Each structure stands twice: as structure tokens, then as C-alpha cells.
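Right, one structure below, let's go through it.
The values are calculated or read from the model by the stated rules, or taken from the named source; no laboratory instrument gave them. Methodologically, a virtual Cβ is constructed for each residue, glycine included, from the backbone with ideal geometry; neighbour enumeration extends over all protein chains shown.
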Amino acid sequence: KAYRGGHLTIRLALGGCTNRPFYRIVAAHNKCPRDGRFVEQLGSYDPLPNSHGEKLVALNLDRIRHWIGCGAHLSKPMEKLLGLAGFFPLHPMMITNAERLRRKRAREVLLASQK
Amino acid sequence: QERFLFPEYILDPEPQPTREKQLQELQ
Amino acid sequence: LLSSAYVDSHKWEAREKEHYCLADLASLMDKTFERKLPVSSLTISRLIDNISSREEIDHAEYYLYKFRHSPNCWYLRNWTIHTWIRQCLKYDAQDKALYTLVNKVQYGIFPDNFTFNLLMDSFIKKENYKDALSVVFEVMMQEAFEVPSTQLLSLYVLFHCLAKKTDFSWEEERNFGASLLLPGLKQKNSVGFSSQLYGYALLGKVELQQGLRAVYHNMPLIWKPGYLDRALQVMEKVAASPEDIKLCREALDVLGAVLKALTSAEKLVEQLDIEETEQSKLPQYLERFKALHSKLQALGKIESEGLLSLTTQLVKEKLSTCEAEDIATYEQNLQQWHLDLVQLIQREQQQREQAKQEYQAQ
Amino acid sequence: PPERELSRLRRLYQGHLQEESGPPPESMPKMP
Amino acid sequence: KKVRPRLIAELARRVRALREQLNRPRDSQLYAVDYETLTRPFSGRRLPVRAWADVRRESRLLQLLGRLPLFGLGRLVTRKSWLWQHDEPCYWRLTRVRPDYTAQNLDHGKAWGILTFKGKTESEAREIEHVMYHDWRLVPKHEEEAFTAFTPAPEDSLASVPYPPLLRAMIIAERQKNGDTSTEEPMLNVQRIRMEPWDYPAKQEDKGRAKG
């Protein structure tokens, strides 16, 4: 199907059954459906901690580099995952959400203590 | 820079050229 | 005020007019606008030349509006504007000239300094100070204080209006302040500096009473706050300047009155919250004003001479010096305009040579 | 950031300002 | 196997193209505004909240140029947004103008100027953008030199930055595998990257236009 515009984007396809999310890191034409056709699958991601308490992430770094070079963009979740991986700098919103969480914790601690 | 055209001796277009008639001829 | 030699029209009248019946070009323009095609700047210039009466002036201003709202309004001609003004003077349509100048936006009236001075001199000859004030304000809005003749004329008109006018509305204060500050800055003499002080005082009153936006909105004034600070700076500059430069006692008195009145007596915020307001700085302003006024009187740099009297002195003294050079420049502009009209005819005929081919191609 | 920049943002977003927050804690509170 | 030609489809395409061409709306129509509802009458869309005060209080570029000779050609025009955002002088030289004569007050159209941003000028005059916006202002003929007086601040900046941890590790490992035991840190040059403020004017020449 001819697409008017659009561009490659490295993103996540939400597979897995209900209440059991699981993501396939794929490089697909941005206009294509979320779980639909995709140019190439670059890895996978399991949000639910496994028996070892690990959120497994597989990133085919070679192909990820190749596609970023070819000009694929990066969805915010993928940028955050790469930042956690250390392949990219920590996302500004990751840092700022950490700080917001810290302030929330400080506020809640103060409120609980000031009974 | 600058140029002018003359409201005398004009050559003019037409309103509603009606290309529908042209296709009615074509088909 | 200006010499009859200045008022001389001989050259412009001798301009190489092309004579037609005004109805001729009127019909031509009507046909062009009916076709929705662009009239020629040369055509409108020729119609302006063919103006010959008061009703013809009315027809000409109507066609001027129509042309201004046309693609070639980007090609208006200074000689055409000067011809319009001269014709209005000729047929006593000075009211229409003033109205069109005020509505320059709607019509494109952008006269040169020479024409501005011509209109102002005609108004003063008629004694029409009330409307010479409006012409001065229009000059201010156009930012055409580039010549001492216009600067002096505007200063004299404004000071006369101040002398004959006591009650003020904040918009009038804004206009007065701008129209004084501009030529005041232009004039590097005691009169110019006193005018700058007067205008700054008025503008500062407007700022503190209405709003800095109210001051700088659509005016040729800067938006940086601290007009009172600039006034005090002007006084300090005069004090540190050569003693020959003096500040008018009337200007100093009005500035003191403004400060005293301010001291005695939806929403948006334009000032950075860290920068204090003039409302808070008022007491320091008053203290600095008192100290500087005492210092200036001690230095003797204060001038108790009346503003209007001193302006009249300067007008009688330096005006003719300005008038001679102004007339020389006007003659240079006249011959330039003649050459430009020749060029317009050249282009028009050269294009008509091809315009002979519209149907020939067919 | 400089107080100048904080004031500039205050001006820019006047009427829709959140409580200016200082630097965050050096480390995550443990929530005793 | 031969297809049946789509004559009516071709006619529709061409007719729509011609209709759009011949009824191309005027600027004074597209960029009108209702200062009561702050809605553009032509399309009926309401302007965003953050532009309400600016639309009510400030003026447009051509709305100013209409009150100047040669449409103020050769003057310096600054934007209120620029003035508020940056302490440095930013403005256009306004080399050329082309208003929409059809407007009653000739307060719409196009302009071309030499951009000066943050006090750094450009090499050519190009088309303006956001002409139709309301955050424009005029530099008075006087005060022009003082306002535009810009002291070039020291521009020296980081030549390079560290790689992200994993990329650094990858590069180092590849080097060691190749035997390149040079222990010098791997750095990523950034001078090549010409960072520009987000509000920097964009190329109006490539911008689109509204349609009816």
C-alpha cells in the first residue's frame, strides 16, 4: 500500500497476552500499524521481571546502528531503553522523572513524619 | 525591477472555462 | 516663517505636464479597476498633474485610495505626492491634504521634508496652530525629523500649542512628548536639550499613570523603561556639559510638577519581577531631581527665558540658513524627479512597443 | 539556573506558575 | 488485461487543481482574526491560549510597515518574543516587502530581510516567517545603533564529549581486539554539530500555505 509520507522509526510492538505485556523492538514504517508490518525486528523486551527479578532486553546493536544511520527515528520508550542500556545518554525525562519522584518521596516523608 | 501591462489592446481569459464540456467531448 | 523664496512653486509649476481632461484618466482608471488590472504609478501621477479644481481634488483622492489599494502602490512617486500637496494648497484643499496625510495608511501620503515644511508653513500663515500640531504629529509618526528646518518648525509649533494649551489628555501628552523628544535629540543646542527634558517628563508621566505599553505602542519610542531616568540623565549631561548649554526653567518646572504630582497621587505584567518599578523609585527620583535642580541653578545653567521666546529667537536666527540649503536640495530633487519621469516614459513606451503584439501573437 | 532566568520564565508564564522547586535531594530518601 | 481509463478521475483531479488555483485565498482572508473570540473567521479555528494576550496587545509586521515609507524598507524590525526571550539583539533588516494590496489597511503580505539572531547576522536576505503573527515591533530610527550594538561574546565551547558508556566500551574493546592499545580516551566531536535555538527562524521558502 503506497504511503503518503512517513519514515522509518525504531519502536516497540506490544505482543503478549492480556496482563502479560511483551515488546518486540522493531524498525517499521511509522505509518504502519503498531503490531503490523515492519522492516526488521531489532530485538525484544520483557517488562515483567522474570524469576531472577530481571527485565530482559535484547538489542541487536549492529542493526540498530545501521538503521539509525539509514535515518530511522526513535520512539521515546526506545530512547529511554537505550539510555538505560548506556548505548545512549540517559534521557532528560528519565532524569527529571527521577527528580520528581525524589521530591514526591520527600513530601510524603515529611507529611508522614509531621503527624 | 518594474513592469507594466496595458488595459488597452488587452488579451483576456474567460470565466468558468467549463472543462466539463471538454471531457463531454472527449468521452 | 519660511521665505516666499521657499514657497516658490515656479519649478514644479514649470514641470513638463502632459495635459488631459481629468475625466479621461478617470475613465481609464475605472476601466482598469473593472478589469481588476494594475493601474500605473505613472498614470496616477499624470492624473495628479491634471488635477485642476476642488472637486478634481476629491476625485484625485478617491483614485489615490483606489491605487494605494493596488499592486503598484509599491511604486508611488515622491513628485506625485508633492504635486498632490501643492494642488491642495492651490485649491485651498489643505483640510483634505491634512486628512489624507493622517490617513497616509489608507492613501500612501508620505511627503518629503520639504513638503512637510511647506504644509506647516501654510498652516502657520493661516494661523492654524491647531492643525499644525496634527501635521507635526504626523511628521513624528513618519520619523521625518532629518532636517533642522522641520525640527525647528515642529518645536515652534509644539511650544506655541503648549503656551495656548493647559489641559492635557494622556494621548496628547504622548504625542507631544514624542514629537518633542525626536527633534530635541536632533537639535544639539540648549533648545533641543530643554525639549528633550520636556518630552521625557511628559512620557514618564504617561508611563507611570497609564503604562509603558501605553507609551511605546505604535509610537516611535523605545520600550526600555526609565524615561524619568533618561530625563535625569539629560539634566546630568547638561550639568556636565559646557556651560553655554542651558536648560529652560519652564522645562525644569514642569518636570518638577510632574514628579510632585506623581508622588502625591486582564492585567498583564511587562517588567521582570526582579527589576523594581518606577512607582517604587519615585521618592529617589524626586530626591535626585531636587538635588540636580539645585546644582543646575548653582551652576547657572538654568535658563529662565520662555520656551516659545527662545524658540522664536532660534527660528528667526537659523531658519534662513536652513531654508537656502533646503531649496537647493528641493531643486536637486525636482530635476531628479524630472529625470525619473523621463525614465517612466521610456519604460512605458518600450513596453507599449511589445503591447502592440498582444493580438499579433493571436 | 540563574535567578535572572527564573525571573524571565516567571514573566513569560505569568499566571500559570508552579511552586518554584529547588535542587532535588542528593540521594533517594529511604522512607523509614 | 487492458485497463479501462479513469477519465472522470483525471477530470476531477484537473478541475480541483484549476479551482484551487483560480480561487487561491488572499492573505487578508486567511490570516484575519476576531479579537473578541480570537478565532480566525476564514476557518473558524480558535488561536491557542498562549497567543491570546499577544494577539490582543501587539501588532503584525505588515501592520507596522503600512505606516512607513517604502513600507519601512531598510528598517530594523524586532519581535516581542525575541526581545523577551533573548538579551541579545535580534531583528530583520527588511530588505524587501510585498504587501497584500487587497487588504483594506495593507497589513498582510510577505517580506524579505537579513536575519540577525542573538547578535550574529547572516550572509543573505531571505523570506521572513511568522509575518502574520502579532509579536512584531519596529526599531525606531533613533536608538537603532544603540539597540543593535552587540558585543560578540566568547564562542569557545566543548570540542568533544564522552561517548555513552556502552559505546565507549564497544569502541575500546574493538581497538584492543585490533591491537590498537592506544589508551587515549574515545571522544565524540560536537563542533561539527551546529546547535540552533528552537525559536530560530526557519526557511519560510519551504513552508506550506493554508487552503479553503
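Pick out, from the range E:121-212, the strands (runs of 3 or more DSSP E) lying fully within it that include 2 or more residues that are more than 30 Å from E:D27 (Cβ to Cβ).
Ranges flagged: E:160-162, E:187-189.
Give the residue, chosen from C:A291, C:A355, that is within 14 Å of chain B (Cβ to nearest Cβ), over 30 Å from C:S9 (Cβ atoms) and among the hydrophobic types (A, V, I, L, M, F, W, C). First the steps, then the outcome.
Working: C:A291 fails: within 14 Å of chain B (Cβ to nearest Cβ).
Result of the check over C:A291, C:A355: C:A355.
Mind listing whichever residues of the range D:5-32 are more than 7 Å from every other protein chain (Cβ to nearest Cβ), surrounded by 10 or more Cβ atoms within 10 Å (Cβ to Cβ) and assigned to a helix (DSSP H, G or I)? Spell out the reasoning first.
At the first step, the residues of the range D:5-32 found to be more than 7 Å from every other protein chain (Cβ to nearest Cβ) are D:5-6, D:9, D:13, D:15-20, D:22-23, D:26-27, D:30, D:32.
When the remaining residues are screened for being surrounded by 10 or more Cβ atoms within 10 Å (Cβ to Cβ), the result is D:6, D:9, D:13, D:17.
D:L6, D:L9 - these are the residues of the range D:5-32 that are more than 7 Å from every other protein chain (Cβ to nearest Cβ), surrounded by 10 or more Cβ atoms within 10 Å (Cβ to Cβ) and assigned to a helix (DSSP H, G or I).
What tally of residues in the range A:85-110 results from selecting those that are under 23 Å from E:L167 (Cα atoms) and in a helix (DSSP H, G or I)?
5
All but one of (1) surrounded by 18 or more Cβ atoms within 10 Å (Cβ to Cβ); (2) of a type in the set (A, V, I, L, M); (3) farther than 30 Å from D:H16 by Cα hold for E:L61; state the number of the condition that does not hold.
Condition (3) is where E:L61 drops out.
Give the residue, chosen from A:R11, A:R4, that is surrounded by 14 or more Cβ atoms within 10 Å (Cβ to Cβ) and either more than 14 Å from every other protein chain (Cβ to nearest Cβ) or farther than 30 Å from D:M31 by Cα (or both). Before you say what the answer is, go through the steps one by one.
Working: A:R4 fails: surrounded by 14 or more Cβ atoms within 10 Å (Cβ to Cβ).
Result: A:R11 is the single residue among A:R11, A:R4 that is surrounded by 14 or more Cβ atoms within 10 Å (Cβ to Cβ) and either more than 14 Å from every other protein chain (Cβ to nearest Cβ) or farther than 30 Å from D:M31 by Cα (or both).
Does the range A:22-40 include one or more residues that are part of a loop (DSSP other than H, G, I, E, B), polar (S, T, N, Q), farther than 26 Å from D:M31 by Cα and out of contact with any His (no Cβ under 7 Å at 6 or more places or on another chain)? Explain how you work it out, then say what you get.
Of the residues in the range A:22-40, the ones part of a loop (DSSP other than H, G, I, E, B) are A:30-39.
Adding the requirement that they be polar (S, T, N, Q) leaves A:30.
Among the residues that remain, those that are also farther than 26 Å from D:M31 by Cα are: A:30.
Narrowing further to those that are out of contact with any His (no Cβ under 7 Å at 6 or more places or on another chain): none.
The answer is no; no qualifying residue exists.
Would you confirm, using the coordinates I've provided, whether E:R13 is in the same structural domain as E:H130 (by CATH) and part of a helix (DSSP H, G or I)? Break it down into steps so the answer makes sense when it comes.
Details: in the same structural domain as E:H130 (by CATH): no; part of a helix (DSSP H, G or I): yes.
No; evaluated as a whole, the condition is false for this residue.
So in the range A:68-83, with the set limited to residues that are surrounded by 14 or more Cβ atoms within 10 Å (Cβ to Cβ) and within 16 Å of E:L167 (Cα to Cα), which one is farthest from the chain's Cα centre (by Cα)? Spell out the reasoning first.
At the first step, the residues of the range A:68-83 found to be surrounded by 14 or more Cβ atoms within 10 Å (Cβ to Cβ) are A:68, A:72-75, A:77-83.
Remaining after also requiring within 16 Å of E:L167 (Cα to Cα): A:68, A:79-83.
Working: A:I68: 15, A:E79: 6, A:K80: 6, A:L81: 5, A:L82: 7, A:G83: 9 Å.
Result: A:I68.
Give me the pairs, please: first residue somewhere in the range A:92-115 and facing chain D (nearest Cβ under 8 Å), second residue anywhere and surrounded by fewer than 11 Cβ atoms within 10 Å (Cβ to Cβ), beta-carbon distance under 8 Å, and either six or more positions apart or on two chains.
A:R103/D:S21; A:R105/D:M31; A:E108/D:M31; A:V109/D:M31; A:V109/D:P32
Working only within the range A:90-115, note down all residues that are in contact with a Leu (Cβ under 9 Å, 6 or more places away or on another chain) and of a type outside the set (A, V, I, L, M, F, W, C).
A:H91, the sole residue that qualifies.
Does the range C:4-27 contain any residue that is among the hydroxyl-bearing types (S, T, Y), part of a helix (DSSP H, G or I), on the phi < 0 side of the Ramachandran plot and within 14 Å of another protein chain (Cβ to nearest Cβ)? Break it down stepwise before answering.
We begin by selecting, within the range C:4-27, every residue among the hydroxyl-bearing types (S, T, Y); these are C:4, C:6, C:9, C:20, C:27.
This time we only want the ones that are part of a helix (DSSP H, G or I), so: C:4, C:6, C:27.
Checking the rest, the ones that are also on the phi < 0 side of the Ramachandran plot come to C:4, C:6, C:27.
Checking the rest, the ones that are also within 14 Å of another protein chain (Cβ to nearest Cβ) come to C:27.
Yes, that holds for at least one residue.
Can you name every one of the helices (runs of 4 or more DSSP H) wholly within the range C:177-295 that holds 1 or more residues which are of a type in the set (S, T, N, Q)? Even if it seems obvious, please write down each step before you answer.
Values: elements: C:190-209, C:212-216, C:227-240, C:249-264.
The helices (runs of 4 or more DSSP H) meeting that bar are C:190-209, C:227-240, C:249-264.
Condition check ((1) under 22 Å from E:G72 (Cα atoms); (2) of a type in the set (D, E, K, R); (3) surrounded by 18 or more Cβ atoms within 10 Å (Cβ to Cβ); (4) within 12 Å of chain E (Cβ to nearest Cβ)) across all residues:
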| position | (1), (2), (3), (4) |
| --- | --- |
| C:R46 | no, yes, yes, no |
| C:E55 | no, yes, no, no |
| C:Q87 | no, no, yes, no |
| C:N103 | yes, no, no, yes |
| C:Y107 | yes, no, yes, yes |
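Which of (1) within 11 Å of another protein chain (Cβ to nearest Cβ); (2) part of a helix (DSSP H, G or I) does E:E20 not meet, given it meets every other one?
Unmet for E:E20, out of (1) within 11 Å of another protein chain (Cβ to nearest Cβ); (2) part of a helix (DSSP H, G or I): (1).
Looking at the range E:85-101 only, could you name the residues that are among the aromatic types (F, W, Y) and either within 9 Å of E:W112 (Cα to Cα) or more than 17 Å from the chain's Cα centre (by Cα) (or both)?
Of the range E:85-101, the ones among the aromatic types (F, W, Y) are E:91-92, E:101.
E:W92, E:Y101, listed by residue number.
What about C:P38, is it within 12 Å of chain E (Cβ to nearest Cβ), within 26 Å of the chain's Cα centre (by Cα) and either in a loop (DSSP other than H, G, I, E, B) or surrounded by 18 or more Cβ atoms within 10 Å (Cβ to Cβ) (or both)? Quick ask: steps written out before the conclusion?
Values: within 12 Å of chain E (Cβ to nearest Cβ): yes; within 26 Å of the chain's Cα centre (by Cα): no; either in a loop (DSSP other than H, G, I, E, B) or surrounded by 18 or more Cβ atoms within 10 Å (Cβ to Cβ) (or both): yes.
Spelling it out, it is not the case that C:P38 is within 12 Å of chain E (Cβ to nearest Cβ), within 26 Å of the chain's Cα centre (by Cα) and either in a loop (DSSP other than H, G, I, E, B) or surrounded by 18 or more Cβ atoms within 10 Å (Cβ to Cβ) (or both).
Every residue, every condition in (1) part of a helix (DSSP H, G or I); (2) over 16 Å from the mean Cα position of the chain (by Cα), yes or no:
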position	(1), (2)
C:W79	yes, yes
C:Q87	yes, yes
C:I109	no, no
C:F114	yes, no
C:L119	yes, no
C:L133	yes, no
C:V136	yes, no
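Being more than 14 Å from chain E (Cβ to nearest Cβ) and crowded, with 20+ Cβ neighbours inside 10 Å is the filter here, so list the residues in the range C:57-70 that pass it.
Scanning the range C:57-70 gives C:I57, C:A60, C:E61, C:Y63.
State whether the residues of the range E:128-142 include one that is among the β-branched types (V, I, T) and surrounded by fewer than 17 Cβ atoms within 10 Å (Cβ to Cβ). So that I can check it myself, show each step before the final result.
Here is the first cut: in the range E:128-142, the residues among the β-branched types (V, I, T) are E:128, E:131, E:139.
From what's left, surrounded by fewer than 17 Cβ atoms within 10 Å (Cβ to Cβ): none.
No, every residue in the range E:128-142 fails to be among the β-branched types (V, I, T) and surrounded by fewer than 17 Cβ atoms within 10 Å (Cβ to Cβ).
So that you can scan it fast, the table gives a plain yes or no per residue for (1) touching a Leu at 6+ places or on another chain (Cβ under 7 Å); (2) over 17 Å from C:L255 (Cβ atoms):
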site: C:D167; (1), (2): no, yes
site: C:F176; (1), (2): yes, no
site: C:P183; (1), (2): yes, yes
site: C:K188; (1), (2): no, yes
site: C:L208; (1), (2): yes, no
site: C:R213; (1), (2): no, yes
site: C:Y216; (1), (2): no, yes
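So if I check each of C:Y285, C:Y359, which one is of a type in the set (F, W, Y), out of contact with any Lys or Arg (no Cβ under 9 Å at 6 or more places or on another chain) and surrounded by 11 or more Cβ atoms within 10 Å (Cβ to Cβ)? It would help to see each step written out before you state the result.
Numbers: C:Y359 fails: surrounded by 11 or more Cβ atoms within 10 Å (Cβ to Cβ).
Only one candidate qualifies: C:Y285.
Can you name every residue in the range C:137-178 that is away from chain E (no Cβ under 13 Å) and among the small types (G, A, S)?
Result: C:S149, C:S154, C:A163, C:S169, C:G177.
Considering the range A:8-44 alone, what residues qualify as being over 14 Å from the mean Cα position of the chain (by Cα) and closer than 14 Å to A:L81 by Cβ?
none
Exactly one of (1) assigned to a helix (DSSP H, G or I); (2) surrounded by fewer than 18 Cβ atoms within 10 Å (Cβ to Cβ) is unmet by C:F123. Its number?
Condition (2) is where C:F123 drops out.
With over 11 Å from the mean Cα position of the chain (by Cα), crowded, with 23+ Cβ neighbours inside 10 Å and of a type in the set (A, V, I, L, M, F, W, C) as the only criterion, which of C:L153, C:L158, C:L162, C:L182 stands out?
Numbers: C:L153 fails: over 11 Å from the mean Cα position of the chain (by Cα); C:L162 fails: crowded, with 23+ Cβ neighbours inside 10 Å; C:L182 fails: over 11 Å from the mean Cα position of the chain (by Cα).
The unique qualifying residue is C:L158.
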